[PDB]
Structure formats: structure tokens, C-alpha cells
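**Q** For reference, the file start22.txt (compact mmCIF, C-alpha atoms) is included below:
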# COMPACT_ATOMS: atom_id res chain seq x y z
CA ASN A 33 6.90 8.50 24.27
CA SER A 34 9.03 10.62 26.63
CA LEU A 35 10.32 12.13 23.40
CA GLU A 36 6.77 12.46 22.02
CA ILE A 37 5.82 14.35 25.17
CA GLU A 38 8.92 16.51 24.72
CA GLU A 39 7.70 17.58 21.28
CA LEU A 40 4.33 18.51 22.80
CA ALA A 41 6.08 20.42 25.56
CA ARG A 42 8.16 22.27 22.99
CA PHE A 43 5.01 22.81 20.94
CA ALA A 44 3.36 24.38 23.98
CA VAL A 45 6.35 26.68 24.56
CA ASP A 46 6.88 27.74 20.94
CA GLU A 47 3.16 28.41 20.52
CA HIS A 48 3.07 30.29 23.81
CA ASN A 49 6.05 32.32 22.59
CA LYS A 50 4.22 33.21 19.37
CA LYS A 51 1.13 34.48 21.18
CA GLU A 52 2.97 36.79 23.58
CA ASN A 53 6.40 37.34 21.99
CA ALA A 54 7.60 35.86 25.25
CA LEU A 55 11.17 34.52 24.82
CA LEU A 56 11.05 31.18 26.67
CA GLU A 57 13.84 28.69 26.53
CA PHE A 58 12.76 25.08 26.97
CA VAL A 59 14.70 23.09 29.61
CA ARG A 60 12.88 19.80 30.38
CA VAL A 61 9.63 18.05 31.25
CA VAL A 62 9.01 17.69 34.99
CA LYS A 63 5.66 15.88 35.15
CA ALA A 64 3.27 14.51 32.55
CA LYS A 65 -0.22 13.10 33.06
CA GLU A 66 -2.87 12.42 30.42
CA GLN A 67 -6.60 11.92 29.99
CA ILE A 68 -7.62 9.78 27.02
CA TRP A 69 -11.05 9.20 25.51
CA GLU A 70 -11.30 6.26 23.12
CA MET A 71 -14.12 6.06 20.59
CA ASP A 72 -14.82 4.72 17.13
CA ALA A 73 -12.22 5.96 14.64
CA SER A 74 -10.54 8.32 17.11
CA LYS A 75 -8.38 8.75 20.19
CA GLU A 76 -8.67 12.02 22.14
CA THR A 77 -5.91 13.00 24.56
CA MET A 78 -5.61 15.94 26.94
CA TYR A 79 -2.02 16.49 28.04
CA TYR A 80 -1.23 18.04 31.40
CA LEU A 81 2.42 19.00 31.13
CA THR A 82 4.50 20.74 33.76
CA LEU A 83 7.68 21.85 32.03
CA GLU A 84 10.62 23.99 33.10
CA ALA A 85 11.74 26.94 30.95
CA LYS A 86 14.16 29.87 31.26
CA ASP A 87 12.66 33.36 31.18
CA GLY A 88 15.78 35.44 31.78
CA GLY A 89 18.25 32.57 31.79
CA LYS A 90 16.88 31.59 35.18
CA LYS A 91 14.88 28.36 35.08
CA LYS A 92 11.20 28.57 36.02
CA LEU A 93 8.17 26.27 36.10
CA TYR A 94 5.12 26.40 33.79
CA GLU A 95 1.84 24.52 33.33
CA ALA A 96 0.88 23.62 29.77
CA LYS A 97 -2.33 21.99 28.57
CA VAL A 98 -2.24 20.44 25.09
CA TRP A 99 -5.25 18.88 23.37
CA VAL A 100 -4.64 16.18 20.76
CA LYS A 101 -7.23 14.42 18.60
CA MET A 102 -6.27 11.66 16.18
CA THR A 103 -8.98 10.51 13.79
CA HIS A 104 -8.64 7.75 11.18
CA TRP A 105 -10.83 6.04 8.59
CA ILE A 106 -10.10 3.78 5.63
CA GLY A 107 -7.37 5.39 3.53
CA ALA A 108 -7.16 8.50 5.71
CA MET A 109 -6.04 9.70 9.14
CA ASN A 110 -6.10 13.15 10.74
CA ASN A 111 -3.98 14.56 13.56
CA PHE A 112 -5.01 17.77 15.29
CA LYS A 113 -3.30 19.35 18.28
CA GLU A 114 -4.03 22.54 20.21
CA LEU A 115 -2.46 24.52 23.04
CA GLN A 116 -5.26 25.31 25.46
CA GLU A 117 -3.46 26.72 28.50
CA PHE A 118 0.00 27.98 29.39
CA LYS A 119 0.53 29.39 32.87
CA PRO A 120 3.30 29.86 35.49
CA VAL A 121 3.21 28.21 38.92
CA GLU B 32 17.38 12.59 4.13
CA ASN B 33 13.74 13.23 4.90
CA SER B 34 13.56 9.54 3.83
CA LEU B 35 12.05 8.10 6.96
CA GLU B 36 8.93 10.25 6.53
CA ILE B 37 8.66 8.89 2.99
CA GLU B 38 9.02 5.35 4.35
CA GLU B 39 6.19 6.04 6.80
CA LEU B 40 4.04 7.45 4.00
CA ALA B 41 4.84 4.42 1.87
CA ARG B 42 3.92 2.08 4.72
CA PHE B 43 0.73 4.08 5.29
CA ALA B 44 -0.10 3.55 1.63
CA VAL B 45 0.53 -0.19 1.97
CA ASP B 46 -1.40 -0.74 5.22
CA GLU B 47 -4.33 1.37 4.02
CA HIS B 48 -4.36 -0.47 0.70
CA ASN B 49 -4.29 -3.71 2.67
CA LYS B 50 -7.05 -2.60 5.04
CA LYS B 51 -9.19 -1.70 2.04
CA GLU B 52 -8.62 -4.99 0.19
CA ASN B 53 -7.36 -7.37 2.90
CA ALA B 54 -4.33 -8.07 0.73
CA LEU B 55 -1.24 -8.20 2.98
CA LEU B 56 1.49 -6.74 0.79
CA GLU B 57 4.80 -6.74 2.64
CA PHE B 58 6.74 -3.50 2.37
CA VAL B 59 10.37 -3.78 1.30
CA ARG B 60 11.55 -0.34 0.14
CA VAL B 61 10.94 2.95 -1.63
CA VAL B 62 12.34 2.93 -5.18
CA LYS B 63 11.51 6.41 -6.46
CA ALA B 64 9.83 9.37 -4.77
CA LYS B 65 8.55 12.62 -6.27
CA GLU B 66 6.20 15.18 -4.75
CA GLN B 67 4.23 18.25 -5.79
CA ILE B 68 3.93 21.01 -3.18
CA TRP B 69 1.58 24.00 -2.96
CA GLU B 70 2.56 26.76 -0.55
CA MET B 71 -0.09 29.08 0.81
CA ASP B 72 -0.91 31.03 3.94
CA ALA B 73 -0.78 28.85 7.08
CA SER B 74 -0.59 25.61 5.09
CA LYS B 75 1.54 23.29 2.98
CA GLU B 76 -0.25 20.90 0.63
CA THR B 77 1.78 17.98 -0.69
CA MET B 78 1.00 15.20 -3.15
CA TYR B 79 3.40 12.28 -2.79
CA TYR B 80 4.15 10.12 -5.81
CA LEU B 81 5.73 7.00 -4.32
CA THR B 82 7.08 4.01 -6.22
CA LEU B 83 7.50 1.19 -3.72
CA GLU B 84 8.52 -2.47 -3.59
CA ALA B 85 6.21 -5.04 -1.98
CA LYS B 86 5.92 -8.83 -1.77
CA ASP B 87 2.57 -10.09 -3.05
CA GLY B 88 2.98 -13.85 -2.69
CA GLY B 89 6.51 -13.58 -1.36
CA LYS B 90 7.52 -12.39 -4.81
CA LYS B 91 8.48 -8.70 -4.86
CA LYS B 92 6.55 -6.40 -7.22
CA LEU B 93 6.33 -2.66 -7.94
CA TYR B 94 3.44 -0.36 -7.03
CA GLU B 95 2.57 3.32 -7.50
CA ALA B 96 1.10 5.12 -4.48
CA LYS B 97 -0.29 8.64 -4.24
CA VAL B 98 -0.57 10.19 -0.79
CA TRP B 99 -2.19 13.56 -0.16
CA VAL B 100 -0.97 15.51 2.87
CA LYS B 101 -2.30 18.85 4.09
CA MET B 102 -0.67 20.57 7.05
CA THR B 103 -2.48 23.55 8.56
CA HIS B 104 -1.05 25.69 11.34
CA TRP B 105 -2.22 28.69 13.36
CA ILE B 106 -1.33 30.15 16.76
CA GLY B 107 -1.82 27.52 19.43
CA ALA B 108 -3.07 24.87 17.00
CA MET B 109 -1.74 22.43 14.40
CA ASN B 110 -3.47 19.98 12.05
CA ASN B 111 -2.10 17.10 10.01
CA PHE B 112 -4.29 15.39 7.42
CA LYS B 113 -3.18 12.62 5.07
CA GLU B 114 -5.05 10.48 2.56
CA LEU B 115 -4.26 7.55 0.27
CA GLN B 116 -5.62 8.53 -3.13
CA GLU B 117 -4.17 5.89 -5.44
CA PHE B 118 -2.61 2.43 -5.19
CA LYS B 119 -2.01 0.52 -8.41
CA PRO B 120 0.38 -2.04 -9.89
CA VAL B 121 2.61 -1.08 -12.83
CA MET C 1 -30.76 5.74 21.70
CA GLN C 2 -28.00 8.33 21.97
CA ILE C 3 -25.10 8.90 19.58
CA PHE C 4 -22.31 11.44 19.25
CA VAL C 5 -21.08 13.46 16.28
CA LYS C 6 -17.65 15.09 16.27
CA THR C 7 -15.56 17.31 14.00
CA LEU C 8 -11.85 16.66 13.47
CA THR C 9 -10.95 19.27 16.09
CA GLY C 10 -13.10 17.51 18.66
CA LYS C 11 -16.26 19.60 18.63
CA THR C 12 -19.07 17.34 19.81
CA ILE C 13 -22.84 17.26 19.52
CA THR C 14 -25.25 14.58 20.70
CA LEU C 15 -28.30 13.25 18.86
CA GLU C 16 -31.17 11.09 20.06
CA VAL C 17 -31.79 8.49 17.36
CA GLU C 18 -33.24 5.07 16.63
CA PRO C 19 -31.43 2.22 14.83
CA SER C 20 -34.19 2.36 12.19
CA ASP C 21 -33.17 5.90 11.19
CA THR C 22 -31.38 6.39 7.88
CA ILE C 23 -28.07 8.18 7.45
CA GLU C 24 -30.15 10.54 5.32
CA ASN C 25 -32.37 11.26 8.34
CA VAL C 26 -29.46 11.75 10.75
CA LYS C 27 -27.96 14.39 8.47
CA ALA C 28 -31.35 16.08 8.60
CA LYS C 29 -31.20 15.98 12.41
CA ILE C 30 -27.77 17.60 12.33
CA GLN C 31 -29.03 20.37 10.04
CA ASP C 32 -31.95 21.04 12.39
CA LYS C 33 -29.62 21.33 15.39
CA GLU C 34 -26.60 23.02 13.80
CA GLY C 35 -27.72 24.49 10.46
CA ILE C 36 -25.22 22.56 8.35
CA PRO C 37 -26.94 21.31 5.18
CA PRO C 38 -26.72 17.54 4.47
CA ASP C 39 -25.04 18.14 1.09
CA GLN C 40 -22.08 19.44 3.13
CA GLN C 41 -22.02 16.44 5.46
CA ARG C 42 -19.63 13.50 5.13
CA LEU C 43 -20.34 11.05 7.97
CA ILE C 44 -17.79 8.49 9.13
CA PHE C 45 -18.18 5.28 11.13
CA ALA C 46 -16.27 1.99 11.40
CA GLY C 47 -13.60 3.39 9.07
CA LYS C 48 -16.09 4.01 6.28
CA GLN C 49 -18.23 6.69 4.68
CA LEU C 50 -21.95 6.26 5.34
CA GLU C 51 -24.44 6.04 2.47
CA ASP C 52 -27.56 8.23 2.68
CA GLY C 53 -30.05 5.57 1.59
CA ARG C 54 -28.74 3.21 4.26
CA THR C 55 -29.84 2.99 7.90
CA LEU C 56 -27.91 3.03 11.19
CA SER C 57 -28.47 -0.66 11.94
CA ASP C 58 -26.81 -1.58 8.64
CA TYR C 59 -23.61 -0.01 9.95
CA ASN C 60 -24.08 -1.55 13.40
CA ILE C 61 -24.17 1.88 15.01
CA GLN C 62 -25.28 1.03 18.54
CA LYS C 63 -25.93 3.25 21.55
CA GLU C 64 -23.20 5.68 22.68
CA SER C 65 -21.54 5.26 19.28
CA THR C 66 -19.47 8.15 17.94
CA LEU C 67 -19.68 9.35 14.36
CA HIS C 68 -17.31 11.89 12.86
CA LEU C 69 -18.27 14.62 10.42
CA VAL C 70 -16.14 16.14 7.67
CA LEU C 71 -17.14 19.21 5.68
CA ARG C 72 -17.53 18.52 1.96
CA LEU C 73 -17.69 22.08 0.58
CA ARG C 74 -19.29 20.71 -2.57
CA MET D 1 -10.53 40.40 -6.06
CA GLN D 2 -10.48 36.62 -5.61
CA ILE D 3 -9.65 34.64 -2.46
CA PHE D 4 -9.73 30.99 -1.40
CA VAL D 5 -11.40 29.27 1.53
CA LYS D 6 -10.28 25.77 2.49
CA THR D 7 -11.19 23.12 5.02
CA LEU D 8 -8.58 21.15 6.92
CA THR D 9 -9.00 18.32 4.42
CA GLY D 10 -8.28 20.61 1.48
CA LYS D 11 -11.77 21.22 0.09
CA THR D 12 -11.73 24.61 -1.64
CA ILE D 13 -14.26 27.28 -2.58
CA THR D 14 -13.66 30.65 -4.25
CA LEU D 15 -15.22 34.00 -3.35
CA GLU D 16 -15.18 37.31 -5.22
CA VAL D 17 -14.44 40.02 -2.65
CA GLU D 18 -13.12 43.53 -2.07
CA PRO D 19 -10.54 44.64 0.51
CA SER D 20 -13.29 46.86 1.93
CA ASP D 21 -15.34 43.77 2.83
CA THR D 22 -15.65 42.71 6.47
CA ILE D 23 -15.05 39.23 7.88
CA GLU D 24 -18.77 39.31 8.62
CA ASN D 25 -19.48 39.87 4.95
CA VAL D 26 -17.23 37.00 3.87
CA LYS D 27 -19.03 34.53 6.14
CA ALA D 28 -22.23 35.73 4.49
CA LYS D 29 -20.58 35.15 1.12
CA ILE D 30 -19.78 31.62 2.29
CA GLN D 31 -23.29 31.13 3.64
CA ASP D 32 -24.79 32.22 0.33
CA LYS D 33 -22.33 30.05 -1.58
CA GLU D 34 -22.27 26.90 0.55
CA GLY D 35 -25.20 27.05 2.96
CA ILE D 36 -23.04 26.88 6.08
CA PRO D 37 -24.31 29.39 8.67
CA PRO D 38 -21.86 32.12 9.85
CA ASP D 39 -22.13 31.07 13.51
CA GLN D 40 -20.49 27.81 12.47
CA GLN D 41 -17.64 29.54 10.69
CA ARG D 42 -14.26 30.04 12.27
CA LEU D 43 -12.07 31.77 9.70
CA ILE D 44 -8.30 31.58 9.96
CA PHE D 45 -5.66 33.79 8.36
CA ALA D 46 -2.10 34.92 9.17
CA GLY D 47 -2.07 32.57 12.17
CA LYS D 48 -5.16 34.10 13.77
CA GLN D 49 -8.92 33.80 14.06
CA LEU D 50 -10.70 36.59 12.23
CA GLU D 51 -13.17 38.87 14.01
CA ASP D 52 -16.38 39.83 12.20
CA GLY D 53 -16.01 43.58 12.76
CA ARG D 54 -12.59 43.82 11.05
CA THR D 55 -12.02 44.12 7.32
CA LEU D 56 -9.90 42.09 4.91
CA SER D 57 -7.43 44.96 4.52
CA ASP D 58 -7.04 45.13 8.31
CA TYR D 59 -5.80 41.55 8.13
CA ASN D 60 -3.76 42.25 4.99
CA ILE D 61 -5.77 39.74 2.95
CA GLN D 62 -4.77 40.57 -0.63
CA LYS D 63 -5.69 38.92 -3.93
CA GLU D 64 -5.22 35.13 -4.17
CA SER D 65 -5.01 34.94 -0.38
CA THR D 66 -6.20 31.72 1.24
CA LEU D 67 -8.39 31.56 4.34
CA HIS D 68 -9.12 28.40 6.30
CA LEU D 69 -12.45 27.35 7.78
CA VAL D 70 -13.14 25.31 10.92
CA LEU D 71 -16.61 24.14 11.96
CA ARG D 72 -17.73 25.41 15.37
CA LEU D 73 -20.77 23.18 16.05
CA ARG D 74 -22.38 26.03 18.00
Using C-alpha cells, write down the structure that the file contains.

**A**
Amino acid sequence: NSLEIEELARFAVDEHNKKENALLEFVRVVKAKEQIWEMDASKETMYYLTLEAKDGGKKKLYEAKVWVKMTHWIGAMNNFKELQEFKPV
Amino acid sequence: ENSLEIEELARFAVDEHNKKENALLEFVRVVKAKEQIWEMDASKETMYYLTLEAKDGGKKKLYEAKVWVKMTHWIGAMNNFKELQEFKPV
Amino acid sequence: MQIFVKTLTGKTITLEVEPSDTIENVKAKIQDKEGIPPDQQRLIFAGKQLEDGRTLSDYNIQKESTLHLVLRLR
Amino acid sequence: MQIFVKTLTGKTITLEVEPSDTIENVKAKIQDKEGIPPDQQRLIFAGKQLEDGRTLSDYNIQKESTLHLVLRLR
């Protein structure tokens, strides 16, 4: 779980890096809260991650928002995740 | 050696087979594993050919599973889709 | 009653329906709202694909139920 | 030239196109081929969403290139 969040946090940083050519080092997760919607055949989660990353070797704080939808039916399951927001404090 | 992911795929094949037939096969191990991969832009499509060992009535037997996995990635987004396509005894 | 339809990325639309309605008729409702032809529509509920000739009540699709839609491209 | 369009589940259609063609024109090709309206079409290539005004050559979409399609519901 903490590790699962860590992957999402890294995902947010690596994807952020790709979009801006930004050079962020990932340091740790500071806070993590989630909103989940449960329905038939799916679980939707919005992750509100505050992670710490180094910009110039000096640690700084960033707000990431990752959207994850998992959908499953007989014989099949789908996992989709998306970075929706990445901003400094 | 990338084995745990195969084990998960094998289990997925077993539980989905079970869900579809209400059969309760108990997963023991992966015996053989071969896959076909197609590489394209922003995606990797893989067909898994798994030979697994399962207990039907407490007696272990061999089954052939086929799992289809498509991974699609773009900036800011990632998708993972998998499907059980075949589950048959030898 | 009201039901929801979602894509795998989480895009959501809402339809006003009756339990008497067929799956065939719901796909027509989706086409009218969104423009996606029914031959392109694979509808999912209760871990199953829904048959066109069948109705909503057959699948026990009550109010506030969520269906998911997958593109067929065929 | 020939290119591929795929859904996230792996459903595939083929279009005959030219590098001169716009993304707008491809969505029309898809609409004519599949019946899915262009306002519902989000086309992905080279880790990006494709804008209607740009051409295939702008995005370096050569022969046998594969695009991906996501439903907008909008």
C-alpha cells in the first residue's frame, strides 16, 4: 500500500518530467489521501499525493493528483491511471 | 525472473476460469511459459501461453491457459488491459 | 430510473431508462446522446456482456446502476 | 500508405492514408469506416494527443504506424 502509493508518486514525477523535461528526483511521500467511488465492476480512485522531490539537489515539495480506474468483468480486467495535476507548494 | 508476474497471470487464469464455471481449481505452479509479443508505438501487446498445475479434486492436473495483455502508455496516462482467452485441459 | 454508462478511462454519461427497456434500446439511447452506433457498443454489467434482445430487468439493473462500455471496432 | 488504429482493448482497424493528410481527415476516415463521430475521437501517437489542424508528417506518422483511439463521450 505505502509501496503502491510510492509507485503512483513516482509515476506522477516521471510523467511530469516527460511533459516538461523537468529533471525531478523523487525523495519520499509526505501525505496521501484518497477519494474512492465504488460501482458495479469498477473501483475509481483519485489520489491526492504530496511528495518531496529535488529540483537542483535541494529537496522541495510538490502536489500530485493521480486518477486510477480499475474495471473488471468475467475473464477480463482493466487498469487505467492518469496524472491530472502536478504543482509546487 | 519475471516469474512472479507469470504466477499472477496464471492465478488470474485460474480464478477467472473458476468464476466462469464455479470450479475451484487450486493453483500449484507454472510448468512451462511461452509468450508472443508485438511491439508498436506506445504499446506492447503480449499473448501468454501458460502451462499450469492445478488440483481438480485434490488430484493435480495440467491445464493450458492463454492470457492476452495490452499495455498502452502516453504522457500522463497509462492503461493495462488483460483477458483470459483460453482455458483447457490437456 | 437513472443509470450510468462509463468508458474504461472513466468518462461518464447518464441515461434515464425504465427496467422494461431492452439492451438494444439502451444502445439506441447512447447513440442518440453520443453518436456512437450500437454495432460499436459492448455493454458490461454484473461481470457479463449484455445481450441485445434482453431487457434491463433480466440483468437486475436497478436504479443508480453503472454500466461500462467498450468499443468493438467491428 | 497504411496505418493502424487500435482501442485500449486491442481492437484494430486499418486506414489508407497519405502523409499530407490531417488528423482531422483521419478522424473522418474513421467516421466513414466505423461510424464513430470525430468529436468522440481522441487519437494518440508518439506519447501525445493529436490536434486536428496538424498533419501526419508533422507527427512523423510513417507507413505501418499505429495510432490509438480513446472515446471522449462528449

**Q** Take chain D, superimpose it onto chain C by least squares using every C-alpha atom paired in sequence order, and output the result as a compact mmCIF listing (two decimals) with C-alpha atoms, in the frame of the given file.

**A**
# COMPACT_ATOMS: atom_id res chain seq x y z
CA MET D 1 -30.89 5.98 21.67
CA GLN D 2 -28.08 8.54 21.89
CA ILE D 3 -25.08 8.95 19.58
CA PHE D 4 -22.23 11.43 19.18
CA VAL D 5 -21.06 13.43 16.18
CA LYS D 6 -17.59 14.98 16.25
CA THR D 7 -15.44 17.15 14.04
CA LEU D 8 -11.76 16.46 13.48
CA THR D 9 -10.95 19.07 16.12
CA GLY D 10 -13.12 17.34 18.71
CA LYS D 11 -16.23 19.53 18.72
CA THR D 12 -19.16 17.34 19.78
CA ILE D 13 -22.93 17.36 19.36
CA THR D 14 -25.47 14.79 20.55
CA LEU D 15 -28.46 13.41 18.63
CA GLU D 16 -31.38 11.30 19.83
CA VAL D 17 -31.89 8.54 17.25
CA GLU D 18 -33.28 5.08 16.58
CA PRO D 19 -31.51 2.16 14.88
CA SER D 20 -34.28 2.34 12.27
CA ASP D 21 -33.11 5.83 11.25
CA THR D 22 -31.29 6.32 7.95
CA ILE D 23 -28.01 8.16 7.42
CA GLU D 24 -30.15 10.61 5.47
CA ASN D 25 -32.28 11.19 8.54
CA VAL D 26 -29.25 11.77 10.77
CA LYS D 27 -27.88 14.48 8.47
CA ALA D 28 -31.30 16.08 8.72
CA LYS D 29 -31.05 15.77 12.49
CA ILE D 30 -27.69 17.54 12.26
CA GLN D 31 -29.09 20.17 9.91
CA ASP D 32 -31.95 20.88 12.29
CA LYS D 33 -29.58 20.93 15.25
CA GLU D 34 -26.61 22.83 13.82
CA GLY D 35 -27.71 24.46 10.57
CA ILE D 36 -25.13 22.66 8.44
CA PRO D 37 -26.75 21.45 5.19
CA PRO D 38 -26.68 17.67 4.47
CA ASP D 39 -24.84 18.12 1.16
CA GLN D 40 -21.91 19.40 3.22
CA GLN D 41 -21.94 16.42 5.54
CA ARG D 42 -19.60 13.50 5.14
CA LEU D 43 -20.33 11.08 7.97
CA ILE D 44 -17.73 8.55 9.03
CA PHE D 45 -18.16 5.35 11.04
CA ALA D 46 -16.42 1.96 11.30
CA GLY D 47 -13.71 3.21 8.92
CA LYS D 48 -16.15 4.09 6.14
CA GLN D 49 -18.21 6.89 4.66
CA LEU D 50 -21.91 6.41 5.29
CA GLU D 51 -24.41 6.31 2.43
CA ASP D 52 -27.74 8.11 2.87
CA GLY D 53 -29.90 5.15 1.85
CA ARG D 54 -28.52 2.81 4.55
CA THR D 55 -29.68 2.68 8.15
CA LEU D 56 -27.79 2.93 11.44
CA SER D 57 -28.36 -0.76 12.15
CA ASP D 58 -26.90 -1.64 8.75
CA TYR D 59 -23.70 0.03 9.92
CA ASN D 60 -24.01 -1.49 13.41
CA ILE D 61 -24.26 1.95 15.03
CA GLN D 62 -25.46 1.13 18.55
CA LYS D 63 -26.06 3.36 21.57
CA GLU D 64 -23.23 5.72 22.58
CA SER D 65 -21.63 5.22 19.17
CA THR D 66 -19.58 8.10 17.80
CA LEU D 67 -19.75 9.35 14.21
CA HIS D 68 -17.34 11.83 12.67
CA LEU D 69 -18.18 14.70 10.35
CA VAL D 70 -16.10 16.21 7.55
CA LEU D 71 -17.11 19.33 5.61
CA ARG D 72 -17.49 18.78 1.86
CA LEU D 73 -17.62 22.39 0.57
CA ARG D 74 -19.92 21.26 -2.25

**Q** List the neighbours of residue D:26 out to 10 Å using all atoms listed in the file; skip same-chain residues closer than 4 positions along the sequence, and give me the result as an MDAnalysis selection string.

**A** chainID D and resid 5 15:18 21:22 30:32 38 43 52 55:56

**Q** For residue A:61, list every protein, DNA or RNA residue within 12 Å, evaluated using all atoms listed in the file, and leave out those in the same chain fewer than 2 positions away; present the list as a PyMOL selection string.

**A** chain A and resi 34-42+44-45+58-59+63-65+80-85+92-96

**Q** Nearest to residue C:57 among C:45, C:73, C:27, C:10, with distances taken over all atoms listed in the file: which residue is it?

**A**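 Among C:45, C:73, C:27, C:10, it is C:45 that comes nearest to residue C:57.
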
**Q** Mind dumping a table of every chain D residue within 10 Å of chain C, with the nearest atom pair and its distance in Å to one decimal, using all atoms listed in the file, sorted by chain and rising number, as a tab-separated table?

**A**
residue	atom	partner	partner_atom	distance
D:5	CA	C:73	CA	9.6
D:6	CA	C:73	CA	8.5
D:7	CA	C:71	CA	7.2
D:8	CA	C:8	CA	8.6
D:9	CA	C:70	CA	8.1
D:10	CA	C:72	CA	9.5
D:11	CA	C:73	CA	6.0
D:12	CA	C:73	CA	6.8
D:13	CA	C:73	CA	7.0
D:30	CA	C:73	CA	9.9
D:31	CA	C:36	CA	10.0
D:33	CA	C:73	CA	9.5
D:34	CA	C:73	CA	6.6
D:35	CA	C:37	CA	6.4
D:36	CA	C:36	CA	5.3
D:37	CA	C:35	CA	6.2
D:38	CA	C:35	CA	9.6
D:39	CA	C:35	CA	9.2
D:40	CA	C:34	CA	7.9
D:69	CA	C:71	CA	9.6
D:70	CA	C:9	CA	8.2
D:71	CA	C:7	CA	7.2
D:72	CA	C:11	CA	6.8
D:73	CA	C:34	CA	6.3
D:74	CA	C:34	CA	6.7

**Q** Would you be able to write out as a list in words which residues have an atom within 8 Å of (-22.5, 7.4, 18.0) in the file's coordinates, counting only C-alpha atoms?

**A**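 Applying the cut-off with only C-alpha atoms, one gets residues 2, 3, 4, 5, 61, 62, 63, 64, 65, 66 and 67 of chain C.
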
**Q** Taking into account only C-alpha atoms, which residue in the set B:36, B:114, B:82, B:103 is nearest to residue B:62?

**A**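 Of all the options, B:82 lies closest to residue B:62.
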
**Q** What's around residue B:49 at 12 Å? Count only C-alpha atoms, leave out sequence neighbours fewer than 4 positions away in its own chain, and write the answer as a PDB file with C-alpha atoms, in the coordinates of the input.

**A**
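result.pdb was written with the following content:
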ATOM      1  CA  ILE A 106     -10.100   3.780   5.630  1.00  0.00           C
ATOM      2  CA  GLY A 107      -7.370   5.390   3.530  1.00  0.00           C
TER       3      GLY A 107
ATOM      4  CA  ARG B  42       3.920   2.080   4.720  1.00  0.00           C
ATOM      5  CA  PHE B  43       0.730   4.080   5.290  1.00  0.00           C
ATOM      6  CA  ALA B  44      -0.100   3.550   1.630  1.00  0.00           C
ATOM      7  CA  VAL B  45       0.530  -0.190   1.970  1.00  0.00           C
ATOM      8  CA  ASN B  53      -7.360  -7.370   2.900  1.00  0.00           C
ATOM      9  CA  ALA B  54      -4.330  -8.070   0.730  1.00  0.00           C
ATOM     10  CA  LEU B  55      -1.240  -8.200   2.980  1.00  0.00           C
ATOM     11  CA  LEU B  56       1.490  -6.740   0.790  1.00  0.00           C
ATOM     12  CA  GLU B  57       4.800  -6.740   2.640  1.00  0.00           C
ATOM     13  CA  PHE B  58       6.740  -3.500   2.370  1.00  0.00           C
ATOM     14  CA  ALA B  85       6.210  -5.040  -1.980  1.00  0.00           C
ATOM     15  CA  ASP B  87       2.570 -10.090  -3.050  1.00  0.00           C
ATOM     16  CA  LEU B 115      -4.260   7.550   0.270  1.00  0.00           C
ATOM     17  CA  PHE B 118      -2.610   2.430  -5.190  1.00  0.00           C
TER      18      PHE B 118
END

**Q** Using only C-alpha atoms, which of the listed residues (C:20, C:29, C:48, C:68) sits closest to chain B?

**A**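 Nearest to chain B: C:48.
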
**Q** Counting all atoms listed in the file, what is within 8 Å of residue B:110, bar same-chain residues fewer than 2 positions away, as JSON, numbers by chain?

**A** {"A": [110, 111, 112, 113], "B": [102, 103, 104, 108, 112], "D": [8]}

**Q** Just the number, please: distance in Å from atom CA of residue A:71 to atom CA of residue A:101, one decimal.

**A**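 Separation of atom CA of residue A:71 and atom CA of residue A:101: 11.0 Å.
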
**Q** Please identify all polymer residues within 9 Å of residue A:77, counting only C-alpha atoms, omitting same-chain residues fewer than 2 positions from it, and present them as an NGL selection string.

**A** :A and (66-70 or 75 or 79 or 98-102)

**Q** Which centre and which edge lengths, in Å to one decimal, describe the axis-aligned box that holds all listed atoms of stretch 11-22 of chain C after 8 Å is added on each side, as lines of an AutoDock Vina configuration file?

**A**
center_x = -25.2
center_y = 10.9
center_z = 14.3
size_x = 33.9
size_y = 33.4
size_z = 28.8

**Q** Of the residues A:62, A:72, A:108, A:33, which is the one nearest to residue B:116, using only C-alpha atoms?

**A**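 Nearest candidate to residue B:116 out of A:62, A:72, A:108, A:33: A:108.
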
**Q** Hey, can you check how far atom CA of residue A:48 sits from atom CA of residue A:115?

**A**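 Calculated distance between atom CA of residue A:48 and atom CA of residue A:115 is 8.0 Å.
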
**Q** Could you tell me which of B:65, B:92, B:119, B:50 comes closest to chain C if we count all atoms listed in the file?

**A**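 Residue with the minimum atom-to-atom distance to chain C: B:50.
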
**Q** Take atom CA of residue A:97 and atom CA of residue A:119 and report the distance between them in Å, one decimal.

**A**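 Pair atom CA of residue A:97 / atom CA of residue A:119 returns 9.0 Å.
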
**Q** Pick out the closest residue to chain D from this set: B:96, B:121, B:71, B:81. Count all atoms listed in the file.

**A**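 Counting all atoms listed in the file, the residue closest to chain D is B:71.
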